[PDB]
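See structure below.
Because only heavy atoms are used, hydrogens play no part in the values below, and waters and symmetry mates are left out as well, while side chains stay in. Order of appearance sets the numbers: ligands from 1, and atoms from 1 within every ligand. Throughout, a chain's letter reflects where its sequence line sits, starting with A, and its residues are numbered from 1.
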There are 4 protein chains.
Amino acid sequence: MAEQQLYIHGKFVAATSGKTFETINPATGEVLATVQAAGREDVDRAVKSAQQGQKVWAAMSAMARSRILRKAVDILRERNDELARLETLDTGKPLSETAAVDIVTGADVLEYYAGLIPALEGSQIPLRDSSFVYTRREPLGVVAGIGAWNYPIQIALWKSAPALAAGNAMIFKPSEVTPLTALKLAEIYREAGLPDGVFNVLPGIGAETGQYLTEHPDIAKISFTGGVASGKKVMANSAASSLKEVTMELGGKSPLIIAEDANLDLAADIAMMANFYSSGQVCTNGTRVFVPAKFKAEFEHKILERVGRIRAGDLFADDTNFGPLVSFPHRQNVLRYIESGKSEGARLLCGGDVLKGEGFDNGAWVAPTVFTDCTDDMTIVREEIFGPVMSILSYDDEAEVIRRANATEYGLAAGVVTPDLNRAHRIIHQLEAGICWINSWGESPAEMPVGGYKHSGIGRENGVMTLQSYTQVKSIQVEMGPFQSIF
Amino acid sequence: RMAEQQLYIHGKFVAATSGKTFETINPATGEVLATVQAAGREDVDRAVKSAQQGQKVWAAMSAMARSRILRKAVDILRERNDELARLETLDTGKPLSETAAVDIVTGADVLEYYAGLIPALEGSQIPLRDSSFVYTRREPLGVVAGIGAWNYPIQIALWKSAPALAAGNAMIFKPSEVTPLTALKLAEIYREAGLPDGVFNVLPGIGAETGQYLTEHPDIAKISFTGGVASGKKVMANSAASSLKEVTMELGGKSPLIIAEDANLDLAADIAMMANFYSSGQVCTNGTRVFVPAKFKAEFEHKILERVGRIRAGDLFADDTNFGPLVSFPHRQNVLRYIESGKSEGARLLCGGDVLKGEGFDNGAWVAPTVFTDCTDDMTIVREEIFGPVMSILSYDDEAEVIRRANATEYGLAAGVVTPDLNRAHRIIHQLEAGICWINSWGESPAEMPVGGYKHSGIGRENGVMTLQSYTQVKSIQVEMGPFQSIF
Amino acid sequence: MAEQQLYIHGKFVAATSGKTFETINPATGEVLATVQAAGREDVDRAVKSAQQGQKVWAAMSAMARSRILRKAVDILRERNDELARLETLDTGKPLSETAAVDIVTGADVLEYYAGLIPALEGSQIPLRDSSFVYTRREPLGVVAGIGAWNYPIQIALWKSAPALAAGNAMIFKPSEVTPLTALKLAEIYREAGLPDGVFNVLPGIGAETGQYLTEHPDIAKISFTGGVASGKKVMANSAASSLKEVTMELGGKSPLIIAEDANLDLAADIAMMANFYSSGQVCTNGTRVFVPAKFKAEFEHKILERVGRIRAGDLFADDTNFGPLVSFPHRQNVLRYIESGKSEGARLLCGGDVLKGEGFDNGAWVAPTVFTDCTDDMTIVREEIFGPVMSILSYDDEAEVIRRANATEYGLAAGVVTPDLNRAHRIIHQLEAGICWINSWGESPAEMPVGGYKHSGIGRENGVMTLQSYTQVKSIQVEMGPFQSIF
Amino acid sequence: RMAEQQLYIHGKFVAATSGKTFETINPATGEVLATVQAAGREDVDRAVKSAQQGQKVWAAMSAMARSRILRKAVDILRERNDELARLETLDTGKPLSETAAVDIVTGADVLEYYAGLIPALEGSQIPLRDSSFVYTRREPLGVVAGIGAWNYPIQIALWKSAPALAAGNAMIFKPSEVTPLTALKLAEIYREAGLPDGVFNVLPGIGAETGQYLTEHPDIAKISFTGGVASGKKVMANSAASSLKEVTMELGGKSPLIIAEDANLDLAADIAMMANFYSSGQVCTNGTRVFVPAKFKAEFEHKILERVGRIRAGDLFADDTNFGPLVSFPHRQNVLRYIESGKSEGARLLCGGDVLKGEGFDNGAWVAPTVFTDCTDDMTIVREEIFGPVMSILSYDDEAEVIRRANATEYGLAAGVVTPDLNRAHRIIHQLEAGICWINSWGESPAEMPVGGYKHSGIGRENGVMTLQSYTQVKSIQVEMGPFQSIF
Ligand SMILES: Nc1ccn([C@@H]2O[C@H](COP(=O)(O)OP(=O)(O)OP(=O)(O)O)[C@@H](O)[C@H]2O)c(=O)n1
Ligand SMILES: Nc1ccn([C@@H]2O[C@H](COP(=O)(O)OP(=O)(O)OP(=O)(O)O)[C@@H](O)[C@H]2O)c(=O)n1
Ligand SMILES: Nc1ccn([C@@H]2O[C@H](COP(=O)(O)OP(=O)(O)OP(=O)(O)O)[C@@H](O)[C@H]2O)c(=O)n1
């Protein structure tokens with residue numbers, strides 16, 4: 001590919017930083033493209049561009065904004081297969097995933113917010129005959145989104161859709177691991193009629209480009225998706241610089257609770273989907289699987305059968321449903337977690353090594369891995385691995401499993417498998433997580449707010465509330481009576 | 001002198017384990033009001049464990065059971081309004097004519113408001129398809145912390161604790177070291193109303209220690225802070241780095257008051273007076289940049305001079321006193337430096353500008369009500385929040401100009417316009433970059449009205465229905481009644 | 001007791017009709033009191049009084065109204081036992097019910113709405129920089145409530161609490177069978193500080209006093225609770241007269257569906273509470289009980305065992321839990337339905353006759369009655385009896401029972417008994433009823449909107465939506481730009 | 001001439017079984033536009049069973065699938081705007097300058113609005129205690145019926161069907177016998193967009209038969225009617241008497257336009273003109289009582305007469321024509337009777353008051369733009385809705401008086417005030433008893449803005465988020481997870 005440039009004010013423009021980076025195809029190790037990195041002056045240009053675009057965008061009618069976002073949706077539906085193939089090259093996720101999920105669910109959210117724009121309303125409050133209050137939900141102005149590498153274009157859509165629908169301009173910095181689909185999205189928005197400057201894309205590294213965005217005094221809000229540690233750094237800089245509003249979607253160590261009355265084929269199917277989709281690189285994954293002691297042996301056999309059915313291979317093949325990890329450095333981190341599990345005595349049920357042979361030696365492949373006989377103090381149980389590593393934990397009673405499920409600083413997701421009406425709601429109501437699934441895993445409708453408790457996040461994405469959280473409330477009192485001064 | 005003040009943990013006063021104390025002073029006389037124990041790290045952890053136990057009892061009660069308890073606290077606050085106001089005057093130096101009419105009245109108004117809204121707190125339900133639906137719960141955050149400021153001590157304690165408790169949380173409240181006394185009284189009132197032990201704990205202390213221990217504690221889910229802009233940034237950094245906590249911040253401002261060319265100048269002057277000299281100028285929302293049309297500037301100045309001459313400093317318990325000392329000698333020093341900066345940068349001193357002297361003033365940190373005119377946008381007194389009784393008068397020529405200059409600031413808390421014209425009032429207000437906007441008035445903050453800052457003046461909001469919701473966290477729950485399909 | 005008068009503008013006043021009626025104690029047949037009946041002139045007097053009080057009431061602050069209603073709650077809590085004894089004398093319901101439910105849940109709704117008054121807000125909608133819309137939720141003005149006789153004071157509170165909380169005045173006409181507690185409520189409201197005229201009470205007969213209210217041109221809304229046929233007459237007259245807004249809470253023939261996995265002790269307890277509370281005089285009663293054929297015999301045995309524990313007797317005795325019907329004319333109608341069940345071939349499981357002996361011969365008693373072997377064409381199955389008559393129907397499959405449950409013009413309530421997560425939600429979602437209970441019956445929280453599908457009602461009571469439905473929306477456009485005429 | 005128009009049932013045109021037909025007339029020429037089949041009792045029964053089947057398919061789809069189908073109907077309406085407008089002009093007599101700019105544009109605006117709101121239609125969740133909670137579903141009513149009026153035929157069909165379909169219902173729509181043609185076109189457009197067969201059926205006919213059969217049908221859950229006040233009461237009675245159906249009614253008014261003492265009289269005159277003579281005065285919200293201060297009355301009269309002189313009647317397809325004939329000759333007779341009552345009751349005729357005559361007018365149902373002044377509150381033309389181009393000008397002296405007189409009516413649909421004063425505008429508007437209030441404008445009805453009448457002018461509302469919800473019914477569901485306790 002040609003050297004990739006910045007996207008500022010409706011056009012590709014060269015960065016003035018003089019710095020570049022490379023994105024690698026995780027399946028082959030080849031360089032996909034050299035990408036320009038946005039410097040401090042480039043960020044300031046992007047902000048001034050965004051301020052100008054936002055004024056035009058906010059001045060339009062609500063339905064005029066709705067129609068433009070709807071046109072972007074139509075283009076995304078049309079180009080789904082092209083965008084999915086690029087996403088697969090950049091991330092290593094199978095085309096069977098990217099063509100069915102990444103753009104489809106990203107576009108689902110943009111489509112949802114496009115239709116809600118006319119319903120964004122303030123309130124009116126009577127005080128007395130001679131005075132009343134009304135509120136406006138005003139745009140924040142210029143906001144910044146910082147993406148992660150596991151769902152690059154989906155994340156860009158989930159951040160930019162409510163931001164734009166609420167009347168803001170967004171400057172989006174994709175992950176340096178996966179910068180390519182965000183640049184295409186910028187072109188698509190422009191093609192739909194989005195005014196110049198309303199969506200600018202600045203590739204770069206977190207230490208420089210990301211920091212320049214979090215520090216800029218004229219950016220009113222930062223939305224970040226990534227790891228827990230990175231999030232704390234971003235939230236600190238965003239505070240010390242300009243007191244910015246913040247949204248954070250971080251990782252988790254989410255529990256999947258298998259009840260004593262659960263069907264074990266359904267539970268194993270849910271556990272598989274909660275651990276090995278996108279090669280385990282999903283923040284919401286149910287990586288602590290709690291199984292009753294009396295069912296543990298049978299469940300382990302059922303997991304092994306299904307792990308054997310996993311099909312790694314050509315990411316463009318129809319039957320491939322497992323890919324390499326996003327990068328070779330990330331595979332190293334996942335392997336260190338696997339070795340930590342072995343060294344602390346967790347029993348390796350399957351996997352635990354790289355894949356070898358024709359078509360695998362050049363990719364960042366890790367075998368689907370399951371540890372069992374796990375305990376709450378193990379490193380692989382306490383920490384997010386962000387790879388295909390399932391931990392199975394035995395338990396005896398309902399009160400115990402609720403305590404152990406909740407005994408973590410993470411708080412993103414949770415789930416329970418049970419046919420019992422009382423048990424399903426009773427357990428779910430006690431779990432300390434923002435995203436809860438009963439007898440399923442992973443579905444994230446555009447209507448459903450998602451985000452973390454405790455260290456897994458600040459704020460929410462999706463749902464009506466996220467449109468509102470990209471506005472700021474202005475309260476206005478009309479005093480029609482005579483004003484009284486005590487002086 | 002009063003008896004030594006202790007910590008309030010789990011429904012009773014308890015000694016601090018820090019071995020540390022501080023004194024709170026009467027700002028009118030300089031006398032020590034009380035010796036106050038300072039909460040250490042171990043005291044904070046005890047307060048957190050107490051709050052965790054109390055919150056579970058509190059959240060398990062019915063919505064109306066919580067509503068009734070908060071309403072009993074409201075009734076006590078109404079009955080003791082005058083006593084609490086006098087204590088607030090002793091601790092802050094604000095006149096009783098203010099404290100007895102505003103501080104507890106509006107604090108209790110907000111608690112009364114949220115007490116009635118508890119049963120209206122609802123989640124949502126979203127159908128996906130015949131075989132699946134989603135519902136949401138607005139669950140309590142758990143243990144939250146409020147850090148108060150010294151200008152409206154008990155009002156802030158109420159504005160923070162009322163929605164936090166109404167949403168099902170426990171709150172640990174740290175009052176300002178300058179003004180800890182009324183928060184301890186409020187803690188007793190809550191218990192007397194039936195609030196379960198631990199649901200509202202109060203930890204006096206200094207910001208460098210007690211405040212930091214709260215922002216760092218791993219089991220506190222949210223920090224709500226009111227104070228200065230600089231102090232706000234520090235608190236927001238530690239709350240994130242420590243445990244990624246949710247945050248609300250109500251900081252200061254440099255709010256503009258825009259007098260339109262068709263305004264009646266007596267009304268404009270009355271609003272400017274109330275926007276600058278209430279609570280001796282120690283109010284975050286004060287309209288400290290007063291923009292007046294050039295053609296009316298001279299006449300407006302005369303009307304300000306007349307009204308400033310009427311300000312009555314004196315005995316804080318006398319009915320006709322309407323002006324008090326600043327809260328401390330260090331704060332007055334800072335205000336005096338801003339005044340000297342105004343003089344040296346070429347602003348014209350219209351009145352005031354000196355400390356007050358003589359019997360009844362020598363022991364307090366009094367500053368005369370001060371007005372500068374001929375001000376320009378680059379002056380330090382125009383650009384920075386002074387938090388004292390210093391009004392800056394700025395001339396302007398046209399509406400587009402005044403909107404630009406009003407918005408050309410990092411602050412964003414409040415704004416106002418004075419005009420009888422329908423189009424002008426709404427048109428100007430809609431363009432101002434502030435969270436709290438007043439048309440032909442200033443200062444009123446109804447319990448129903450969300451208030452907070454744009455830009456560097458804040459994060460989040462207080463009051464209104466939205467603040468009850470912002471003290472809950474959303475849990476989304478999907479019920480999948482169809483057969484789950486795995487692709488493996 | 002002394003002859004009961006009208007309550008208009010904060011005082012008892014003699015009716016100008018020259019007409020009176022008697023309310024009978026259903027336990028003894030004795031006259032409890034003579035009550036004056038409001039004539040057409042009395043209604044017009046009440047309306048003018050209500051118009052005057054409503055303006056005072058609406059001009060107060062929201063919290064001032066809240067505090068007054070909260071004081072009425074405090075008075076109702078204090079006088080719970082006194083009001084309940086009066087209610088028992090008037091209705092025949094046991095004190096064990098009236099002291100625990102009637103005033104308690106009436107006050108609960110008043111207390112709920114008192115707290116919501118400050119949350120009643122309009123909206124604000126930006127159109128363009130130069131124009132915006134805001135809305136006000138204004139009082140309707142003077143509204144009328146027409147109560148039923150089974151829960152006299154509770155119905156008076158459920159109608160008046162949202163009406164008053166929304167800033168209206170209400171004229172309340174209690175049922176001529178049970179007028180006494182509504183007059184007590186009017187005194188309590190005045191004692192609490194309600195402005196004169198805001199709650200006026202006009203006892204009378206439906207054929208006259210009710211019709212005069214529905215016809216009055218200055219009444220903006222009628223809220224009626226009663227039988228299906230009487231409801232249709234009221235709603236038509238409110239139209240042919242002055243296009244009034246209307247709410248109707250009518251009767252039902254609600255189905256109770258017992259699933260194949262239900263515990264039969266739980267199912268029998270739910271069926272008992274759904275049929276024999278308030279001697280079967282409850283609109284929401286589950287009077288069609290669907291049971292699986294394979295469990296029919298066992299369920300019948302459990303029902304018979306529980307019916308044997310029903311304790312009829314002194315209505316002021318602690319252990320009494322069954323009362324006479326509200327009147328002898330109503331008993332005659334209930335007995336005709338029972339005889340129809342016998343003649344149409346339903347099998348009588350128990351009861352079916354009046355109660356006899358010392359202490360029963362002078363009261364309007366009907367024994368708890370159960371029919372089984374019922375079919376969907378029977379009169380007792382198709383029509384609301386409003387007496388203690390349970391109909392048991394056998395079914396074979398889930399699709400069948402849903403069709404049969406829905407095959408009715410009534411639409412008030414429904415319920416299912418099952419421990420299965422999927423079955424409970426799946427069945428309930430398909431039932432055509434406004435009030436649905438899973439593994440319970442009868443609970444009606446103040447927060448929960450309640451009302452009928454199809455012929456069982458119009459509109460809802462309780463919940464936030466009912467406060468809003470006692471206001472009317474005014475939309476206000478502020479046009480700040482130059483207005484353009486095409487002429 | 002057009003082909004004989006049939007019923008539209010279940011996605012296709014079908015012959016009526018009533019054996020009856022009626023004709024629709026071109027009001028500009030008196031010629032027959034088309035013969036139209038009238039739906040009988042059995043046709044209505046067929047339409048209901050079709051609607052029941054289609055509603056199940058429609059409601060089983062996802063929210064976004066329904067949204068996309070309505071959006072495709074929007075796109076077709078935008079493309080066919082001019083063709084539909086020309087048909088509407090032929091059927092109604094309204095100038096193409098109106099129909100091509102308003103009728104389909106604002107009808108499609110509302111459909112477009114509700115299409116996007118479908119996914120935001122949500123129920124609630126209410127916790128009672130740890131062991132029990134409530135959630136609600138906003139379920140479709142099922143089959144609903146809309147009865148349209150003849151002044152805005154396709155706009156009314158869209159304003160009724162858009163929220164009904166968006167909420168998951170099927171609608172059977174009965175257009176006015178005067179103007180049945182564009183509703184049948186809309187039915188074809190919905191099908192072309194993918195609306196499932198049966199979800200929108202159209203039954204032309206007369207009110208006494210087809211309208212009554214719909215209002216009486218036991219399987220129709222709700223009736224929405226737009227028309228005159230008298231007809232509304234008959235419809236609302238049969239609806240209740242038959243099967244207790246939910247009801248919405250948008251009826252007429254006698255809406256007041258209040259010109260304040262500080263109003264610019266050219267602006268006031270322009271608003272009065274647009275409030276009286278658009279669509280030849282055949283608009284329910286028209287400001288037909290114009291209250292003018294006594295001191296300005298003579299000058300206002302002059303400005304009205306000057307603008308009336310500019311009204312351009314003529315070829316309804318000419319760009320500059322802005323005034324049309326009335327919808328029918330019987331309606332013109334009613335308007336002429338009202339005009340004659342104004343003369344005989346002593347109101348002063350300023351202009352108009354007769355039919356228009358000459359080539360191009362003798363065959364149309366034309367009435368000249370008419371203005372009465374010196375009107376009093378007891379006159380028939382002041383108390384009753386005329387639904388023609390007849391403005392009544394009434395003098396007044398003070399604000400309290402004009403508010404009382406504005407409100408002293410059984411009608412309640414709209415109202416407006418002309419004033420530049422902030423306090424006067426809101427203060428007056430807050431006291432008027434009308435559902436639709438305009439400040440310094442008239443007639444704009446945004447899709448976001450709920451509209452409907454107080455008192456005898458209506459029941460319920462159209463447009464806005466609340467109208468989507470009012471086409472659903474609430475089911476409350478309690479989940480009891482604790483042990484159930486029986487007292488028996
Ligand atoms: N909105 C404000 C402004 C000031 N202060 C008080 O006044 C002191 C001095 O004012 P200022 O220097 O403006 O406060 P900050 O911006 O917080 O800066 P610093 O940390 O230097 O005090 C603060 O420490 C605080 O005690 C306050 O409570 N609220
Ligand atoms: N849900 C019900 C059913 C009945 N009733 C009372 O019982 C009487 C007779 O019952 P029913 O025939 O069901 O009432 P309607 O259908 O209204 O018929 P009618 O015109 O005979 O009263 C009603 O008038 C009313 O006093 C009631 O209050 N609530
Ligand atoms: N707001 C209005 C007023 C009138 N009309 C039409 O004009 C006719 C005659 O007007 P009017 O007498 O005012 O109508 P109603 O009050 O309904 O009385 P009627 O029953 O005599 O038609 C109505 O039948 C209707 O076709 C209308 O559609 N909308």
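Residue B:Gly252 has at least one heavy-atom neighbour below 4.0 Å for each of these atoms of ligand 1: 1 (N). Counting atoms of ligand 1 from 1 in the listed order, those under 4.0 Å from a heavy atom of B:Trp150 are 6 (C), 25 (C), 26 (O), 28 (O). Near B:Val229, with a cut-off below 4.0 Å to any heavy atom, the atoms of ligand 1 are 16 (O), 17 (O). Within ligand 3, the atoms closer than 4.0 Å to a non-hydrogen atom of D:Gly227 are 1 (N), 2 (C), 27 (C), 28 (O), 29 (N), numbered from 1 in the order shown. In summary, the atoms of ligand 1 found under 4.0 Å from a heavy atom of B:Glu385, numbered by their order in the structure, are 1 (N), 2 (C), 3 (C). Counting atoms of ligand 2 from 1 in the listed order, those under 4.0 Å from a heavy atom of C:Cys283 are 1 (N).
Checked by atom type, the side-chain pair C:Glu383/C:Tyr337 shows a donor-acceptor distance below 3.5 Å. C:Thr23 and C:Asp90 are linked by a side-chain donor-acceptor pair at a separation below 3.5 angstrom, with hydrogens and angles left out of the test. Side chains of B:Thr409 and B:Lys254: no donor on one and acceptor on the other come within 3.5 Å.
Both the backbone and the side chain of C:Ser230 come within 4.0 Å of ligand 2, judged by heavy-atom distances.
With distances taken over non-hydrogen atoms, the option nearest atom 16 (O) of ligand 1 out of B:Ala149, B:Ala230, B:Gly207 is B:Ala230. Relative to atom 5 (N) of ligand 3, the option among D:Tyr338, D:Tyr152, D:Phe387 with the closest non-hydrogen atom is D:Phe387.
Not counting sequence neighbours, the partners of C:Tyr151 by the side-chain hydrogen bond (donor to acceptor under 3.5 Å, both in side chains) test are C:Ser278. Under the rule for a side-chain hydrogen bond (donor to acceptor under 3.5 Å, both in side chains), D:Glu250 has no partner lying at least two apart in sequence or in another chain.
Counting all heavy atoms, side chain and backbone alike, D:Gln282 lies closest to D:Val327 at OE1-N, 2.9 Å. Contact record, D:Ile381 with D:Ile386: O-CD1, 3.9 Å, taken as the closest heavy-atom pair.
For a threshold of 3.5 Å applied to N or O pairs, the pair formed by D:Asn334 and ligand 3 contains no separation below that value.
Assignment of C:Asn150 to the shell around ligand 2 is not supported, since no heavy atom sits closer than 4.0 Å.
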Assess whether side-chain hydrogen bond (donor to acceptor under 3.5 Å, both in side chains) is satisfied between D:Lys160 and D:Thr248, documenting all intermediate values. CA-CA 10 Å; D:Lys160 291 190 186 304; D:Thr248 291; over 6 Å; no
